[PDB]
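Participant: Quick one: the structure is below, and I'll ask about it shortly.
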Amino acid sequence: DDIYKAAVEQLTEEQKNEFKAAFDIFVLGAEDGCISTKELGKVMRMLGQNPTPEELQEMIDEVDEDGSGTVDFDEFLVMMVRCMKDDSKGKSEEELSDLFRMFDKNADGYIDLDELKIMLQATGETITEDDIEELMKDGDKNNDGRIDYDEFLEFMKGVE
Amino acid sequence: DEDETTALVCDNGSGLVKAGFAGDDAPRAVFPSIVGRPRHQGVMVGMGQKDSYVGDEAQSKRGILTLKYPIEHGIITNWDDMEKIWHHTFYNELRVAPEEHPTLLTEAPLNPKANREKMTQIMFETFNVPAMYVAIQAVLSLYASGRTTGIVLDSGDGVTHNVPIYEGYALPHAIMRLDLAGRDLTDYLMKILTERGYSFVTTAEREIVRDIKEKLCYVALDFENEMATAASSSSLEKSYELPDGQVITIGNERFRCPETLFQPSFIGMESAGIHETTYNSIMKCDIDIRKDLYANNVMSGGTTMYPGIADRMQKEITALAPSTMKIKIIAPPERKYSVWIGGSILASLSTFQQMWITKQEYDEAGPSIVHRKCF
Amino acid sequence: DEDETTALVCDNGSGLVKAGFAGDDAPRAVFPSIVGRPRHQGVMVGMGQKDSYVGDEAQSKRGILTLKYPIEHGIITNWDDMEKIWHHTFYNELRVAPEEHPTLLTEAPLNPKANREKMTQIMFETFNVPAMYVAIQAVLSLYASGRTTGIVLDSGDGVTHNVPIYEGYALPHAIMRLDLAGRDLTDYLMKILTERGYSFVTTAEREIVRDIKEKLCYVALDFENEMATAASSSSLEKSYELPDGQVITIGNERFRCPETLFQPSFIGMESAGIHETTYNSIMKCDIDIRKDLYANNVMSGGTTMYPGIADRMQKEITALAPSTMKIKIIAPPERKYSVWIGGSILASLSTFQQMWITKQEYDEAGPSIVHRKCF
Amino acid sequence: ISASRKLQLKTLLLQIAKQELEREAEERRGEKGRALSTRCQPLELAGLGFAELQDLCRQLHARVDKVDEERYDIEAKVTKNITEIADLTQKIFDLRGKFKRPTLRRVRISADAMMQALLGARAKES
């Protein structure tokens with residue numbers, strides 16, 4: 001729901017305006033002027049294909065962080081760059097063990113916030129405690145305050 | 001045009017063939033398992049006109065064709081016609097040559113061995129496929145449904161298999177195969193529609209009755225209560241528009257035809273129905289297995305696309321089952337398509353890479369190899 | 001996870017295994033002496049599934065496993081399964097590598113010497129235990145019960161040993177060994193439950209009957225009176241629930257199973273019963289020993305949990321005994337577990353620290369050392 | 001924290017854990033070289049006499065037996081922990097599984113192919 005914004009950060013803006021016009025025809029004949037089910041449907045139809053309104057409304061909700069339920073034009077551009085091949089490859093358990101022995105400098109089987117903090121400060125990017133905090137919390141689904149190893153798989157599942 | 005040298009998957013039933021690539025969402029195309037042939041003398045010349053039509057071609061030009069099904073009761077009997085369906089399926093809709101792609105085909109474990117041997121042989125000798133596998137429709141149904149344990153009630157076009165699987169193991173002596181399926185329900189409907197004043201006898205008429213059944217019929221969670229009203233009031237009838245502009249309606253026949261699944265005697269079959277077979281498959285399993293199978297009856301395949309069936313089955317098995325015990329039904333929206341779905345899942349598993357028969361193994365062993373390596 | 005290199009204590013019988021650390025009050029884990037193996041052909045791919053299951057794993061996955069007991073009437077004959085039971089016990093539940101802790105195992109003195117030699121060998125040659133000590137169950141029973149003197153009545157699942165001890169010394173000529181135990185009582189129950197219409201033959205079914213016995217059976221002080229009552233009234237019937245929702249109602253079979261301990265002919269045994277042998281163990285001792293053994297008849301091990309057993313045994317011995325003499329039975333709550341407790345007590349006694357065989361004396365002498373160092 | 005920030009945070013974190021894996025491994029490997037020089041110390045062959053070298057070969061062959069044995073014990077233990085990893089990962093993976101199944105779709109018409117089937121020539125960056 002955000003990685004698409006991260007990818008357009010990597011992509012250009014000419015694609016954004018091409019999708020502006022896209023959205024415009026994606027609602028050519030719309031009921032709501034945004035992409036509901038049938039709007040995305042006529043998108044696929046102009047694409048030469050015929051979709052079902054369920055997955056339509058779902059890709060509508062596949063970005064839905066707040067529960068917005070619809071395709072805002074912003075959320076629209078999100079959904080349209082969702083389909084460009086920008087960042088792939090779904091990082092997971094093996095290299096995550098290789099990296100978790102490090103990320104668990106405490107070797108708990110669980111990344112305490114100590115290691116995550118230090119390695120973020122090492123990341124070179126600006127390090128907020130919103131960073132380290134959200135990262136601890138998303139890792140730690142048991143919410144132990146420490147990112148378990150499989151909670152670390154969660155922590156680095158796919159994030160290219 | 002594909003981005004991977006993946007396996008191909010085709011659920012070739014007695015009804016329709018669901019075909020696509022392993023690792024994809026669904027089938028790229030679904031074809032009738034039909035090869036059509038003209039039954040009329042031509043008068044105009046330079047009209048094209050094929051000797052035979054396949055799949056959707058067979059139905060699109062059906063007005064003057066007789067339509068035959070190469071597969072019946074789960075088995076291919078006409079291998080030449082299935083090669084034709086496959087050539088079309090693979091090259092025209094999937095846009096793939098099997099020569100470079102492993103191919104997975106499906107059957108029931110109780111179909112004659114000839115089915116698995118001809119499926120394997122056609123793909124290795126007429127398509128030169130690098131590898132083959134013949135899968136269990138019940139297994140594919142369990143992967144699609146999210147289960148390793150349960151009774152798979154596939155209720156297909158030509159046969160119902162009824163097999164208990166526990167922790168990934170078959171309980172094969174407990175399979176209650178039933179000679180009742182969707183194709184028989186269609187023929188039953190044709191006879192009852194005749195009683196109502198609408199006779200159907202030729203292929204075009206037969207394909208329409210199947211279409212009527214698919215859109216108008218339902219099973220009902222309680223057929224007796226449904227009949228009490230359906231037999232008393234026209235408010236329970238539903239209209240169908242025939243291709244020629246005529247209108248046919250169905251009243252309590254709308255659920256009495258599907259009811260055959262709970263009353264096989266309607267088509268002359270010596271059986272008490274699918275819920276009896278579900279129950280007996282559980283009964284023939286050990287007492288420490290039964291609890292998990294009661295809690296996991298799995299519907300898959302078509303004919304499970306009848307409103308009231310999940311509830312009808314829960315009541316019908318609960319009625320035979322011991323008290324205290326919880327009887328539960330799995331009946332996902334991935335109905336009728338779940339076997340294809342399972343096919344894609346199985347073909348693409350890392351754990352399945354060694355289950356494939358390669359062309360070299362086939363050429364050395366001959367077609368009987370499918371009987372020894374697949375399952 | 002233990003904070004000291006104390007002895008490991010494991011009482012491995014033909015039924016259950018009680019495992020824990022010396023110096024404690026109770027075993028930390030209890031496992032059945034079972035290794036389970038699948039008896040079905042796998043159907044689904046990527047299902048995991050073990051080649052064998054041990055202890056609680058064997059029972060938990062038993063729906064498709066055949067369950068085997070490595071111990072035959074008190075002797076281990078299957079050491080492949082016992083090294084799995086021991087490895088699981090130590091590695092997964094007691095969280096210990098025996099290499100760092102001495103180990104105490106148990107057995108009757110009339111158990112073939114081959115078993116105590118092999119118990120000593122498994123801990124030294126497979127688990128590299130620094131030391132070993134195979135204990136007498138009767139010794140452990142008296143420590144746990146607060147006695148030095150008394151009769152140990154230990155009918156188990158395998159065999160009944162019946163041994164008198166006075167001032168800590170055994171009177172071995174007075175040991176009355178019988179091939180009469182819970183496994184046979186269970187077999188009798190399976191036959192009489194069959195008489196009532198409930199035939200139990202498969203592993204799941206055999207485990208159910210064993211479970212029925214443990215929860216429903218009793219002996220009663222007076223057998224003739226309990227028999228006559230059960231034959232006259234439904235008031236002595238008790239129900240049991242089975243895994244699939246079936247319910248069995250059991251009448252006099254509830255005490256006819258346990259009755260075999262007094263009536264061994266029920267299982268084809270040439271014996272007068274446990275009370276004749278308890279009585280004879282006292283009788284075969286000198287008259288200046290007998291008075292203390294009569295007053296200290298001590299129950300240990302299981303089957304001693306049947307209500308009416310302490311009173312029937314005291315009454316039968318009293319009936320067989322001379323008048324004037326006071327006969328008393330000790331039947332503590334630490335029943336079925338007291339041998340483990342005795343193991344903990346013995347392993348930790350300062351007076352016992354010289355009784356341990358080290359992995360040096362063992363290696364120099366060989367396996368036969370247990371006969372000279374333990375018993 | 002917004003999108004691209006979180007992307008960069010976690011990918012740079014993965015790089016940092018890679019660098020810590022590198023430092024840990026180079027520690028381990030320097031330790032290897034040093035410890036190996038320490039245990040199995042190079043031979044002192046110069047000018048050694050005939051029977052001297054006979055007996056020395058015999059003693060170093062006993063040394064072969066010892067060190068081989070012991071590393072092989074470490075090997076067997078490692079194999080036991082290997083089976084342990086395999087079977088516990090199998091176990092938990094199953095506990096993980098029954099719902100863990102990661103899969104791919106293809107109902108995703110990628111926006112390259114999508115926007116081209118839409119725009120033709122106008123799908124230049126699309």
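By order in the structure tokens, chains are A, B, ...; within a chain, residues start at 1; ligands start at 1, following the order shown.
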Considering only C-alpha atoms, extract the chain D residues located within 10 Å of chain C and return them as a PyMOL selection string.

Facilitator: chain D and resi 87+90-91+93-94+97-98

Participant: Compile the residues of chain A that lie within 8 Å of chain D, evaluated using only C-alpha atoms, and express the compilation as a PDB file with N, CA and C atoms, in the first residue's frame.

Facilitator:
ATOM      1  N   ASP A   2       2.148   1.093   0.323  1.00  0.00           N
ATOM      2  CA  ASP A   2       3.087   2.211   0.287  1.00  0.00           C
ATOM      3  C   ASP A   2       4.223   1.947  -0.703  1.00  0.00           C
ATOM      4  N   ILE A   3       4.638   0.682  -0.821  1.00  0.00           N
ATOM      5  CA  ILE A   3       5.752   0.297  -1.687  1.00  0.00           C
ATOM      6  C   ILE A   3       5.571   0.843  -3.097  1.00  0.00           C
ATOM      7  N   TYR A   4       4.333   1.067  -3.514  1.00  0.00           N
ATOM      8  CA  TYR A   4       4.083   1.658  -4.817  1.00  0.00           C
ATOM      9  C   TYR A   4       4.536   3.111  -4.862  1.00  0.00           C
ATOM     10  N   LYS A   5       4.289   3.866  -3.791  1.00  0.00           N
ATOM     11  CA  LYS A   5       4.867   5.200  -3.680  1.00  0.00           C
ATOM     12  C   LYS A   5       6.387   5.130  -3.626  1.00  0.00           C
ATOM     13  N   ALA A   6       6.923   4.104  -2.967  1.00  0.00           N
ATOM     14  CA  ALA A   6       8.374   3.959  -2.916  1.00  0.00           C
ATOM     15  C   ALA A   6       8.941   3.669  -4.301  1.00  0.00           C
ATOM     16  N   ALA A   7       8.179   2.953  -5.123  1.00  0.00           N
ATOM     17  CA  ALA A   7       8.617   2.626  -6.474  1.00  0.00           C
ATOM     18  C   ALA A   7       8.515   3.826  -7.402  1.00  0.00           C
ATOM     19  N   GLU A   9       8.845   6.809  -6.366  1.00  0.00           N
ATOM     20  CA  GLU A   9      10.044   7.528  -5.958  1.00  0.00           C
ATOM     21  C   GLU A   9      11.229   7.111  -6.811  1.00  0.00           C
ATOM     22  N   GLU A  14       6.286  11.388 -15.790  1.00  0.00           N
ATOM     23  CA  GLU A  14       5.571  11.240 -17.051  1.00  0.00           C
ATOM     24  C   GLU A  14       4.599  10.067 -17.001  1.00  0.00           C
ATOM     25  N   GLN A  15       4.995   8.976 -16.342  1.00  0.00           N
ATOM     26  CA  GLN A  15       4.076   7.865 -16.130  1.00  0.00           C
ATOM     27  C   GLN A  15       2.904   8.286 -15.244  1.00  0.00           C
ATOM     28  N   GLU A  18       0.529  10.192 -17.649  1.00  0.00           N
ATOM     29  CA  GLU A  18      -0.101   9.175 -18.484  1.00  0.00           C
ATOM     30  C   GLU A  18      -1.190   8.447 -17.707  1.00  0.00           C
ATOM     31  N   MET A  46     -11.128  -2.191 -21.997  1.00  0.00           N
ATOM     32  CA  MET A  46     -10.270  -1.489 -22.938  1.00  0.00           C
ATOM     33  C   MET A  46      -8.924  -2.185 -23.059  1.00  0.00           C
ATOM     34  N   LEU A  47      -8.464  -2.808 -21.979  1.00  0.00           N
ATOM     35  CA  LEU A  47      -7.329  -3.719 -22.022  1.00  0.00           C
ATOM     36  C   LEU A  47      -7.588  -4.949 -22.867  1.00  0.00           C
ATOM     37  N   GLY A  48      -8.834  -5.196 -23.244  1.00  0.00           N
ATOM     38  CA  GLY A  48      -9.175  -6.384 -23.981  1.00  0.00           C
ATOM     39  C   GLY A  48      -9.566  -7.566 -23.128  1.00  0.00           C
ATOM     40  N   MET A  80      -1.934   1.763 -10.236  1.00  0.00           N
ATOM     41  CA  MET A  80      -1.441   1.616 -11.597  1.00  0.00           C
ATOM     42  C   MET A  80       0.056   1.352 -11.625  1.00  0.00           C
ATOM     43  N   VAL A  81       0.814   1.958 -10.709  1.00  0.00           N
ATOM     44  CA  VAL A  81       2.224   1.595 -10.608  1.00  0.00           C
ATOM     45  C   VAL A  81       2.384   0.266  -9.883  1.00  0.00           C
ATOM     46  N   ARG A  82       1.324  -0.220  -9.228  1.00  0.00           N
ATOM     47  CA  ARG A  82       1.362  -1.574  -8.687  1.00  0.00           C
ATOM     48  C   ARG A  82       1.705  -2.591  -9.768  1.00  0.00           C
ATOM     49  N   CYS A  83       1.293  -2.337 -11.012  1.00  0.00           N
ATOM     50  CA  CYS A  83       1.473  -3.315 -12.078  1.00  0.00           C
ATOM     51  C   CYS A  83       2.775  -3.140 -12.859  1.00  0.00           C
ATOM     52  N   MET A  84       3.510  -2.040 -12.692  1.00  0.00           N
ATOM     53  CA  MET A  84       4.826  -1.942 -13.306  1.00  0.00           C
ATOM     54  C   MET A  84       5.816  -2.738 -12.476  1.00  0.00           C
ATOM     55  N   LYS A  85       6.750  -3.383 -13.165  1.00  0.00           N
ATOM     56  CA  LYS A  85       7.786  -4.165 -12.514  1.00  0.00           C
ATOM     57  C   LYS A  85       8.873  -3.222 -12.029  1.00  0.00           C
ATOM     58  N   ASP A  98      20.548 -15.706   7.973  1.00  0.00           N
ATOM     59  CA  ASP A  98      21.900 -15.206   7.775  1.00  0.00           C
ATOM     60  C   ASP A  98      22.043 -13.783   8.294  1.00  0.00           C
ATOM     61  N   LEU A  99      20.983 -12.989   8.167  1.00  0.00           N
ATOM     62  CA  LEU A  99      21.031 -11.591   8.570  1.00  0.00           C
ATOM     63  C   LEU A  99      20.477 -11.403   9.972  1.00  0.00           C
ATOM     64  N   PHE A 100      19.762 -12.402  10.482  1.00  0.00           N
ATOM     65  CA  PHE A 100      19.113 -12.278  11.776  1.00  0.00           C
ATOM     66  C   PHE A 100      20.072 -12.633  12.893  1.00  0.00           C
ATOM     67  N   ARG A 101      20.969 -13.589  12.639  1.00  0.00           N
ATOM     68  CA  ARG A 101      22.073 -13.781  13.571  1.00  0.00           C
ATOM     69  C   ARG A 101      22.767 -12.455  13.860  1.00  0.00           C
ATOM     70  N   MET A 102      22.824 -11.567  12.867  1.00  0.00           N
ATOM     71  CA  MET A 102      23.296 -10.208  13.098  1.00  0.00           C
ATOM     72  C   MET A 102      22.245  -9.341  13.773  1.00  0.00           C
ATOM     73  N   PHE A 103      21.090  -9.160  13.131  1.00  0.00           N
ATOM     74  CA  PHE A 103      19.981  -8.408  13.707  1.00  0.00           C
ATOM     75  C   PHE A 103      19.584  -8.914  15.080  1.00  0.00           C
ATOM     76  N   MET A 119      21.522  -1.065  14.070  1.00  0.00           N
ATOM     77  CA  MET A 119      21.710  -1.360  12.657  1.00  0.00           C
ATOM     78  C   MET A 119      20.960  -0.363  11.785  1.00  0.00           C
ATOM     79  N   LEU A 120      19.847   0.186  12.286  1.00  0.00           N
ATOM     80  CA  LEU A 120      19.225   1.312  11.597  1.00  0.00           C
ATOM     81  C   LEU A 120      20.141   2.523  11.592  1.00  0.00           C
ATOM     82  N   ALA A 122      23.043   2.449  11.614  1.00  0.00           N
ATOM     83  CA  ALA A 122      24.045   2.074  10.628  1.00  0.00           C
ATOM     84  C   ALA A 122      23.514   2.111   9.198  1.00  0.00           C
ATOM     85  N   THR A 123      22.189   2.058   9.001  1.00  0.00           N
ATOM     86  CA  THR A 123      21.631   1.950   7.652  1.00  0.00           C
ATOM     87  C   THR A 123      22.070   3.072   6.729  1.00  0.00           C
ATOM     88  N   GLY A 124      22.487   4.206   7.275  1.00  0.00           N
ATOM     89  CA  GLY A 124      22.795   5.363   6.474  1.00  0.00           C
ATOM     90  C   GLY A 124      21.617   6.265   6.197  1.00  0.00           C
ATOM     91  N   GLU A 125      20.403   5.729   6.158  1.00  0.00           N
ATOM     92  CA  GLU A 125      19.238   6.591   6.093  1.00  0.00           C
ATOM     93  C   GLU A 125      19.028   7.266   7.437  1.00  0.00           C
ATOM     94  N   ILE A 127      17.343   7.941  10.754  1.00  0.00           N
ATOM     95  CA  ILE A 127      16.780   6.934  11.641  1.00  0.00           C
ATOM     96  C   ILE A 127      15.903   7.620  12.670  1.00  0.00           C
ATOM     97  N   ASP A 130      10.335   6.460  15.000  1.00  0.00           N
ATOM     98  CA  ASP A 130       9.251   5.880  14.229  1.00  0.00           C
ATOM     99  C   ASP A 130       9.760   4.748  13.362  1.00  0.00           C
ATOM    100  N   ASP A 131      10.935   4.907  12.748  1.00  0.00           N
ATOM    101  CA  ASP A 131      11.563   3.780  12.074  1.00  0.00           C
ATOM    102  C   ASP A 131      11.684   2.596  13.011  1.00  0.00           C
ATOM    103  N   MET A 156      11.607  -8.685   7.480  1.00  0.00           N
ATOM    104  CA  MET A 156      12.184  -8.493   6.159  1.00  0.00           C
ATOM    105  C   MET A 156      11.569  -9.409   5.117  1.00  0.00           C
ATOM    106  N   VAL A 159      10.859  -6.848   1.413  1.00  0.00           N
ATOM    107  CA  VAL A 159      11.083  -5.408   1.358  1.00  0.00           C
ATOM    108  C   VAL A 159      12.361  -5.129   0.568  1.00  0.00           C
ATOM    109  N   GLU A 160      12.219  -5.030  -0.747  1.00  0.00           N
ATOM    110  CA  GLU A 160      13.345  -4.696  -1.601  1.00  0.00           C
ATOM    111  C   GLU A 160      13.718  -3.234  -1.436  1.00  0.00           C
TER     112      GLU A 160
END

Participant: Please return as a VMD selection string: the residues of chain D that backbone DSSP assigns to helix (DSSP H, G or I).

Facilitator: chain D and resid 3 to 39 50 to 96 111 to 122

Participant: Next, dump the selected residues to file, keeping only C-alpha atoms, as a JSON list (two decimals), in the first residue's frame.

Facilitator:
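Listing of out.json after writing:
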[["chain", "number", "residue", "atom", "x", "y", "z"],
["D", 3, "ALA", "CA", 6.69, 4.82, 1.87],
["D", 4, "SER", "CA", 10.08, 5.40, 0.24],
["D", 5, "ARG", "CA", 11.59, 6.12, 3.65],
["D", 6, "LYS", "CA", 10.50, 2.72, 4.98],
["D", 7, "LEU", "CA", 11.72, 0.97, 1.82],
["D", 8, "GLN", "CA", 15.16, 2.52, 2.16],
["D", 9, "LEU", "CA", 15.26, 1.88, 5.91],
["D", 10, "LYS", "CA", 14.64, -1.83, 5.56],
["D", 11, "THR", "CA", 16.78, -2.43, 2.48],
["D", 12, "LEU", "CA", 19.68, -0.55, 4.08],
["D", 13, "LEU", "CA", 19.04, -2.59, 7.22],
["D", 14, "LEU", "CA", 19.36, -5.77, 5.19],
["D", 15, "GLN", "CA", 22.66, -4.42, 3.89],
["D", 16, "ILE", "CA", 23.76, -3.64, 7.46],
["D", 17, "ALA", "CA", 22.90, -7.15, 8.62],
["D", 18, "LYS", "CA", 24.84, -8.36, 5.61],
["D", 19, "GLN", "CA", 27.85, -6.33, 6.73],
["D", 20, "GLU", "CA", 27.52, -7.71, 10.24],
["D", 21, "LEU", "CA", 27.32, -11.19, 8.76],
["D", 22, "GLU", "CA", 30.52, -10.30, 6.93],
["D", 23, "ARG", "CA", 32.33, -9.10, 10.04],
["D", 24, "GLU", "CA", 31.13, -12.13, 12.01],
["D", 25, "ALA", "CA", 32.26, -14.50, 9.26],
["D", 26, "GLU", "CA", 35.66, -12.86, 8.83],
["D", 27, "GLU", "CA", 36.09, -13.12, 12.58],
["D", 28, "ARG", "CA", 35.24, -16.81, 12.35],
["D", 29, "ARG", "CA", 37.62, -17.35, 9.44],
["D", 30, "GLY", "CA", 40.59, -15.51, 10.86],
["D", 31, "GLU", "CA", 39.93, -17.55, 13.99],
["D", 32, "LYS", "CA", 39.97, -20.62, 11.79],
["D", 33, "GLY", "CA", 43.33, -19.85, 10.22],
["D", 34, "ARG", "CA", 44.91, -18.92, 13.54],
["D", 35, "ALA", "CA", 43.45, -21.85, 15.48],
["D", 36, "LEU", "CA", 44.46, -24.27, 12.72],
["D", 37, "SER", "CA", 48.03, -23.02, 12.74],
["D", 38, "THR", "CA", 47.80, -23.40, 16.52],
["D", 39, "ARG", "CA", 46.53, -26.99, 16.70],
["D", 50, "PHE", "CA", 65.71, -41.89, 8.63],
["D", 51, "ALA", "CA", 64.35, -43.83, 11.62],
["D", 52, "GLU", "CA", 63.58, -40.48, 13.21],
["D", 53, "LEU", "CA", 61.21, -39.72, 10.35],
["D", 54, "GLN", "CA", 59.74, -43.22, 10.53],
["D", 55, "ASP", "CA", 58.68, -42.81, 14.15],
["D", 56, "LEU", "CA", 57.61, -39.21, 13.53],
["D", 57, "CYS", "CA", 55.30, -40.32, 10.74],
["D", 58, "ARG", "CA", 53.85, -42.92, 13.09],
["D", 59, "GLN", "CA", 53.22, -40.34, 15.83],
["D", 60, "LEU", "CA", 51.69, -37.87, 13.39],
["D", 61, "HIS", "CA", 49.57, -40.73, 12.10],
["D", 62, "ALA", "CA", 48.26, -41.27, 15.60],
["D", 63, "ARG", "CA", 47.70, -37.51, 15.43],
["D", 64, "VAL", "CA", 45.75, -38.03, 12.21],
["D", 65, "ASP", "CA", 43.63, -40.56, 14.07],
["D", 66, "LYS", "CA", 43.00, -38.22, 16.99],
["D", 67, "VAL", "CA", 42.20, -35.04, 15.07],
["D", 68, "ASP", "CA", 40.20, -36.89, 12.42],
["D", 69, "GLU", "CA", 38.20, -38.63, 15.13],
["D", 70, "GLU", "CA", 37.52, -35.39, 16.96],
["D", 71, "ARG", "CA", 36.56, -33.22, 14.01],
["D", 72, "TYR", "CA", 34.46, -36.17, 12.89],
["D", 73, "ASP", "CA", 32.72, -36.10, 16.24],
["D", 74, "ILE", "CA", 32.02, -32.41, 15.68],
["D", 75, "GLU", "CA", 30.77, -33.57, 12.27],
["D", 76, "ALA", "CA", 28.38, -36.14, 13.71],
["D", 77, "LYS", "CA", 27.05, -33.61, 16.21],
["D", 78, "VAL", "CA", 26.62, -31.14, 13.37],
["D", 79, "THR", "CA", 24.70, -33.80, 11.46],
["D", 80, "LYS", "CA", 22.46, -34.35, 14.47],
["D", 81, "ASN", "CA", 21.80, -30.62, 14.71],
["D", 82, "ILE", "CA", 21.28, -30.74, 10.94],
["D", 83, "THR", "CA", 18.53, -33.32, 11.27],
["D", 84, "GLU", "CA", 17.33, -31.24, 14.21],
["D", 85, "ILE", "CA", 17.14, -28.09, 12.08],
["D", 86, "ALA", "CA", 15.53, -29.95, 9.19],
["D", 87, "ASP", "CA", 12.89, -31.62, 11.33],
["D", 88, "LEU", "CA", 12.15, -28.70, 13.64],
["D", 89, "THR", "CA", 11.93, -26.32, 10.71],
["D", 90, "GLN", "CA", 9.71, -28.97, 9.17],
["D", 91, "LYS", "CA", 7.64, -29.13, 12.37],
["D", 92, "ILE", "CA", 7.27, -25.39, 12.85],
["D", 93, "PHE", "CA", 6.92, -24.83, 9.10],
["D", 94, "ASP", "CA", 3.92, -27.13, 9.37],
["D", 95, "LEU", "CA", 2.72, -25.22, 12.42],
["D", 96, "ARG", "CA", 3.65, -22.23, 10.29],
["D", 111, "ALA", "CA", 1.40, -2.24, -16.31],
["D", 112, "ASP", "CA", 3.94, -2.54, -19.10],
["D", 113, "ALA", "CA", 1.76, -5.03, -20.99],
["D", 114, "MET", "CA", -1.37, -3.40, -19.57],
["D", 115, "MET", "CA", -0.59, 0.14, -20.65],
["D", 116, "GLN", "CA", 0.76, -1.05, -23.98],
["D", 117, "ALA", "CA", -2.38, -3.06, -24.81],
["D", 118, "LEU", "CA", -4.04, 0.25, -23.98],
["D", 119, "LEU", "CA", -1.88, 2.92, -25.61],
["D", 120, "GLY", "CA", 0.05, 1.31, -28.45],
["D", 121, "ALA", "CA", 2.58, 3.88, -29.59],
["D", 122, "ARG", "CA", 1.53, 6.19, -26.77]]

Participant: Kindly give the distance, in Å, that separates atom CA of residue 318 of chain C and atom CA of residue 215 of chain C, rounded to a single decimal.

Facilitator: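 It comes out at 29.0 Å.
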
Participant: Taking a cut-off of 12 Å and counting only C-alpha atoms, can you build a table that, for each residue of segment 172-213 of chain B near segment 4-16 of chain B, reports the nearest atom pair and how far apart they are in Å (one decimal), sorted by chain then residue number, as JSON lines?

Facilitator:
{"residue": "B:181", "atom": "CA", "partner": "B:14", "partner_atom": "CA", "distance": 10.0}
{"residue": "B:182", "atom": "CA", "partner": "B:15", "partner_atom": "CA", "distance": 8.5}
{"residue": "B:183", "atom": "CA", "partner": "B:15", "partner_atom": "CA", "distance": 7.7}
{"residue": "B:184", "atom": "CA", "partner": "B:15", "partner_atom": "CA", "distance": 11.5}
{"residue": "B:186", "atom": "CA", "partner": "B:15", "partner_atom": "CA", "distance": 11.5}
{"residue": "B:207", "atom": "CA", "partner": "B:15", "partner_atom": "CA", "distance": 11.2}
{"residue": "B:210", "atom": "CA", "partner": "B:15", "partner_atom": "CA", "distance": 10.5}

Participant: So what do you get for atom CA of residue 284 of chain C versus atom CA of residue 174 of chain C, distance-wise?

Facilitator: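 Computing the Euclidean distance for atom CA of residue 284 of chain C and atom CA of residue 174 of chain C yields 5.1 Å.
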
Participant: Could you tell me which of B:370, B:277, B:140, B:359 comes closest to chain C if we count only C-alpha atoms?

Facilitator: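 Of the candidates, the smallest distance to chain C is held by B:140.
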
Participant: What is the atom CA of residue 108 of chain B-atom CA of residue 53 of chain B distance in Å, reported with one decimal?

Facilitator: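 Rounded to one decimal, the two atoms are 27.5 Å apart.
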
Participant: If you count only C-alpha atoms, which residues fall within 10 Å of residue 19 of chain C, apart from same-chain ones fewer than 4 positions away, as a list in words?

Facilitator: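 Selected residues are residues 8, 9, 10, 11, 12, 26, 27, 28, 29, 30, 31, 86, 89, 90, 93, 94, 105 and 340 of chain C.
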
Participant: Those same residues, written as an mmCIF file, in the first residue's frame with C-alpha atoms?

Facilitator:
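Output saved as out.cif:
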data_model
loop_
_atom_site.group_PDB
_atom_site.id
_atom_site.type_symbol
_atom_site.label_atom_id
_atom_site.label_comp_id
_atom_site.auth_asym_id
_atom_site.auth_seq_id
_atom_site.Cartn_x
_atom_site.Cartn_y
_atom_site.Cartn_z
ATOM 1 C CA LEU C 8 18.157 -38.344 35.681
ATOM 2 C CA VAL C 9 15.451 -40.710 36.812
ATOM 3 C CA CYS C 10 13.300 -42.691 34.400
ATOM 4 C CA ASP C 11 10.899 -45.518 35.292
ATOM 5 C CA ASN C 12 10.282 -47.221 31.897
ATOM 6 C CA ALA C 26 7.454 -35.819 40.599
ATOM 7 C CA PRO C 27 8.418 -36.751 37.025
ATOM 8 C CA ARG C 28 8.579 -33.719 34.741
ATOM 9 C CA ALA C 29 7.058 -35.635 31.854
ATOM 10 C CA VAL C 30 5.099 -38.812 31.365
ATOM 11 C CA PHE C 31 5.177 -40.600 28.061
ATOM 12 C CA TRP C 86 14.971 -42.046 25.790
ATOM 13 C CA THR C 89 12.619 -37.836 26.971
ATOM 14 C CA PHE C 90 16.038 -36.411 27.587
ATOM 15 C CA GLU C 93 11.273 -32.733 27.576
ATOM 16 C CA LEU C 94 13.866 -32.955 30.341
ATOM 17 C CA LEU C 105 16.759 -46.842 35.374
ATOM 18 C CA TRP C 340 9.692 -42.654 40.321
#

Participant: What's around segment 160-166 of chain B at 6 Å? Count only C-alpha atoms, leave out sequence neighbours fewer than 6 positions away in its own chain, and write the answer as a list in words.

Facilitator: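 So, after excluding close chain neighbours, the residues are residues 149, 150, 151, 152, 153, 154, 175, 176, 177 and 178 of chain B.
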